[PDB]
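Peer 1: Attaching a single structure in structure tokens format; questions to follow.
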Amino acid sequence: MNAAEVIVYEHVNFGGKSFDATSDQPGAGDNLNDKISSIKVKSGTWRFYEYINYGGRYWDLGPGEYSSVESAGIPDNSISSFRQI
């Protein structure tokens, strides 16, 4: 089953690469700390958490687009991941 288009840009909103795969995107894997891009959702909601796979800042995003680059999570270095649902 597939019914959720997730469009996220892998960079700034004025010169970056975007992708909208309708079959589970690569997601967050090569994260770290120096992350800067924009997020766009147009179907349901997801759960964004920057930490280990067992406990972290649980923050789900809903209908809306944003482009943070100094508030989301830029401490120094750490792990992060989000489930595209």
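Residue numbering restarts at 1 for every chain of the structure tokens, chains are lettered A, B, ... in their displayed order, and ligands are numbered from 1 as they appear.
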Tell me, as a ChimeraX atom specification, which residues lie within 8 Å of residue A:13, counting only C-alpha atoms; anything in the same chain fewer than 6 positions away does not count.

Peer 2: /A:37-38,67

Peer 1: For the residues in the current selection, export C-alpha atoms as an mmCIF file, in the first residue's frame.

Peer 2:
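Wrote it out as selection-v2.cif, contents follow:
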```cif
data_model
loop_
_atom_site.group_PDB
_atom_site.id
_atom_site.type_symbol
_atom_site.label_atom_id
_atom_site.label_comp_id
_atom_site.auth_asym_id
_atom_site.auth_seq_id
_atom_site.Cartn_x
_atom_site.Cartn_y
_atom_site.Cartn_z
ATOM 1 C CA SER A 37 17.275 22.567 4.367
ATOM 2 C CA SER A 38 13.498 22.918 4.082
ATOM 3 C CA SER A 67 13.174 26.194 6.132
#
```

Peer 1: Can you pull out the residues contacting residue A:31? Cut-off 10 Å, using only C-alpha atoms, and skip same-chain residues under 3 positions away; I want them as a PyMOL selection string.

Peer 2: chain A and resi 27-28+34-35+50+77-81

Peer 1: Can you measure atom CA of residue A:68 to atom CA of residue A:16 for me? One decimal in Å is fine.

Peer 2: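 Pair atom CA of residue A:68 / atom CA of residue A:16 returns 14.1 Å.
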
Peer 1: Write out as a PyMOL selection string the residues lying within 12 Å of stretch 60-63 of chain A, counting only C-alpha atoms and excluding same-chain residues fewer than 5 positions away.

Peer 2: chain A and resi 6-7+39-50+72+81-85

Peer 1: Keeping only N, CA and C atoms, write the selected residues as a PDB file, in the first residue's frame.

Peer 2:
```
ATOM      1  N   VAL A   6       5.782  12.538   0.075  1.00  0.00           N
ATOM      2  CA  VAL A   6       6.633  13.358   0.929  1.00  0.00           C
ATOM      3  C   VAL A   6       7.667  14.119   0.106  1.00  0.00           C
ATOM      4  N   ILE A   7       7.511  15.438   0.045  1.00  0.00           N
ATOM      5  CA  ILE A   7       8.431  16.281  -0.708  1.00  0.00           C
ATOM      6  C   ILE A   7       9.345  17.067   0.226  1.00  0.00           C
ATOM      7  N   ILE A  39      11.529  21.661   4.732  1.00  0.00           N
ATOM      8  CA  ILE A  39      10.628  20.515   4.753  1.00  0.00           C
ATOM      9  C   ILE A  39       9.235  20.902   4.265  1.00  0.00           C
ATOM     10  N   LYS A  40       8.627  20.023   3.475  1.00  0.00           N
ATOM     11  CA  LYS A  40       7.292  20.269   2.942  1.00  0.00           C
ATOM     12  C   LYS A  40       6.439  19.007   3.006  1.00  0.00           C
ATOM     13  N   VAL A  41       5.269  19.118   3.627  1.00  0.00           N
ATOM     14  CA  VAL A  41       4.359  17.987   3.754  1.00  0.00           C
ATOM     15  C   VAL A  41       2.976  18.329   3.212  1.00  0.00           C
ATOM     16  N   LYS A  42       2.372  17.381   2.503  1.00  0.00           N
ATOM     17  CA  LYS A  42       1.046  17.581   1.931  1.00  0.00           C
ATOM     18  C   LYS A  42       0.209  16.310   2.044  1.00  0.00           C
ATOM     19  N   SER A  43       0.334  15.623   3.175  1.00  0.00           N
ATOM     20  CA  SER A  43      -0.411  14.391   3.406  1.00  0.00           C
ATOM     21  C   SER A  43      -0.045  13.781   4.756  1.00  0.00           C
ATOM     22  N   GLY A  44      -0.991  13.814   5.690  1.00  0.00           N
ATOM     23  CA  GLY A  44      -0.750  13.262   7.011  1.00  0.00           C
ATOM     24  C   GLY A  44       0.341  14.003   7.758  1.00  0.00           C
ATOM     25  N   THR A  45       1.048  13.290   8.628  1.00  0.00           N
ATOM     26  CA  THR A  45       2.122  13.887   9.412  1.00  0.00           C
ATOM     27  C   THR A  45       3.222  12.872   9.702  1.00  0.00           C
ATOM     28  N   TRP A  46       4.405  13.369  10.045  1.00  0.00           N
ATOM     29  CA  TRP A  46       5.539  12.503  10.348  1.00  0.00           C
ATOM     30  C   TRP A  46       6.102  12.808  11.732  1.00  0.00           C
ATOM     31  N   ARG A  47       7.109  12.043  12.138  1.00  0.00           N
ATOM     32  CA  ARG A  47       7.734  12.231  13.442  1.00  0.00           C
ATOM     33  C   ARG A  47       9.235  12.468  13.296  1.00  0.00           C
ATOM     34  N   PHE A  48       9.670  13.684  13.611  1.00  0.00           N
ATOM     35  CA  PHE A  48      11.081  14.039  13.514  1.00  0.00           C
ATOM     36  C   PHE A  48      11.745  14.011  14.887  1.00  0.00           C
ATOM     37  N   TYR A  49      12.810  13.226  15.007  1.00  0.00           N
ATOM     38  CA  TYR A  49      13.533  13.107  16.266  1.00  0.00           C
ATOM     39  C   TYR A  49      15.039  13.058  16.028  1.00  0.00           C
ATOM     40  N   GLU A  50      15.769  13.940  16.703  1.00  0.00           N
ATOM     41  CA  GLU A  50      17.219  13.998  16.564  1.00  0.00           C
ATOM     42  C   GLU A  50      17.907  13.376  17.775  1.00  0.00           C
ATOM     43  N   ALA A  72      16.428  24.227  14.392  1.00  0.00           N
ATOM     44  CA  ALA A  72      16.057  22.818  14.400  1.00  0.00           C
ATOM     45  C   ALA A  72      16.959  22.018  15.334  1.00  0.00           C
ATOM     46  N   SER A  81      16.757  10.978  12.964  1.00  0.00           N
ATOM     47  CA  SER A  81      15.951  10.165  12.061  1.00  0.00           C
ATOM     48  C   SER A  81      14.477  10.551  12.153  1.00  0.00           C
ATOM     49  N   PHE A  82      13.723  10.231  11.106  1.00  0.00           N
ATOM     50  CA  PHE A  82      12.299  10.544  11.066  1.00  0.00           C
ATOM     51  C   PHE A  82      11.543   9.527  10.217  1.00  0.00           C
ATOM     52  N   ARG A  83      10.399   9.076  10.723  1.00  0.00           N
ATOM     53  CA  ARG A  83       9.582   8.101  10.013  1.00  0.00           C
ATOM     54  C   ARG A  83       8.579   8.796   9.097  1.00  0.00           C
ATOM     55  N   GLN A  84       8.678   8.518   7.801  1.00  0.00           N
ATOM     56  CA  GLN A  84       7.780   9.117   6.820  1.00  0.00           C
ATOM     57  C   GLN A  84       6.437   8.397   6.801  1.00  0.00           C
ATOM     58  N   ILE A  85       5.449   8.978   7.472  1.00  0.00           N
ATOM     59  CA  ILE A  85       4.115   8.391   7.531  1.00  0.00           C
ATOM     60  C   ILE A  85       3.051   9.402   7.118  1.00  0.00           C
TER      61      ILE A  85
END
```

Peer 1: With only C-alpha atoms as the atoms that count, which of A:33, A:26, A:9, A:4 lies nearest to residue A:73?

Peer 2: A:33

Peer 1: Which one is closest to residue A:5: A:19, A:54, A:59, A:66? Count only C-alpha atoms.

Peer 2: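 Of all the options, A:19 lies closest to residue A:5.
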